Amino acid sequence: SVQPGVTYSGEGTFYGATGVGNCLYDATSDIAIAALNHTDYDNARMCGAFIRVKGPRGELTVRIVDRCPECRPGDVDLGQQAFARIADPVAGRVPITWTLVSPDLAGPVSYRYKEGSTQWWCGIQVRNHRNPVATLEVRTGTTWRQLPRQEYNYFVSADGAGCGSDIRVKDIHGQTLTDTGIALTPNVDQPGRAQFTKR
């Protein structure tokens, strides 16, 4: 699995990325985006990860927004303009190396309840996270309940437990941020009060 501090080798390709994809983020005007190969995508664990990709002609930090099912471990399918920053587009497929980075990013994490969320059933997506998210939990009285991440990058409470309650997220470095006062309001990005530490 993808780990910080490790340089991976693979192949870079490109596609018509818009920001929509398997991570269920919104379309973006930012070109520095990519789909990650299925293996490394890891059931959305790498959604929103920033990776710095080196190609024959340059390097660029991109955000993972999508999954590439036919790409092999180590492979990255960059957006068309992102690819042109690191390689000649005529080459089509080029050697790359890349690493997971913890970049500058302003503001706190935010939370988005999935369409149709209520106290009976809900899903939560984390947005604006500096480092990849490992887990999400919701408070159930005196204890907390982990919500399983789905490949489409929402953490789901299938029976509604904890929906509308306190939320806490833990990144891949082991840091936990706890958030109160997130309303049970589908389709709105709600800021928390903290960001993960820049590593």
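One-based numbering along the sequence shown.
Comparing 183-191 with 18-26, which has the greater mean CA B-factor as deposited? Higher of the two, by average CA B-factor, is 183-191.
Once you work out the mean C-alpha B-factor for both 35-43 and 56-64 from the entry, which is higher? Going by the record's values, the stretch with the higher mean is 56-64.
Can you tell me which of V109, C122, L78, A84 has the maximum CA B-factor listed in the PDB entry? Answer, based on the entry's C-alpha B-factors: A84.
Just the C-alpha B-factor column, please: which of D171, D159, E137, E151 has the biggest number? If I rank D171, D159, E137, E151 by C-alpha B-factor, first place goes to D159.
Thinking about Cα B factors across the chain, which third does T118 belong to? Highest third.
Where does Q175 sit by CA temperature factor within its chain: lowest, middle or highest third? Lowest third of the chain for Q175's C-alpha B-factor.
Going by the recorded CA B-factors, say which third of the chain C71 sits in, lowest, middle or highest. For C71, whose C-alpha B-factor we compare with every modelled residue in the chain, the answer is the middle third.
Would you mind ranking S165 by its C-alpha B-factor against the rest of the chain and naming the third, lowest, middle or highest? For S165, whose C-alpha B-factor we compare with every modelled residue in the chain, the answer is the middle third.
Determine, from the deposited record, the chain-internal third of the Cα B-factor for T142: lowest, middle or highest. It falls in the top third of the chain.
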